[PDB]
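Shown next, in structure tokens, is the structure this report addresses.
In my numbering, the protein residues as written are 92 to 159.
Now the structure itself:
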């Protein structure tokens, strides 16, 4: 088959978290966001409205697109 060159790495939230301090951003249990930085516990992500902000990785989870 072909090689491809466009594999993004989204995350699915598992708990809600209100955040508006200065450079933080609120998230919800059904929100889905794309990871921009993972250097520390405060991951940086982009929401579907076009903003950005920091959030703790502990409430975020991978997007394996499968469950049981």
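Don't be surprised by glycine CBs; every beta carbon is placed ideally from N, CA and C.
- With contacts defined as CB atoms closer than 8 angstroms, residue 134 and residue 126 qualify as a contacting pair.
- In this structure, residue 146 and residue 108 form a Cβ contact; the two beta carbons are roughly 6 angstroms apart against a cut-off of 8 angstroms.
- In the three-state reduction of the DSSP assignment, residue 148 falls in the helix class, which pools H, G and I.
- With 16 or more other Cβ atoms from the protein chains shown falling within 10 Å of its own Cβ, residue 144 counts as buried.
- Of 92, 151 and 132, the smallest CA-CA separation from residue 119 is found for 151.
- If you draw a 10 Å sphere on the C-beta of residue 116, you find 16 or more other C-beta atoms in it, and that means buried.
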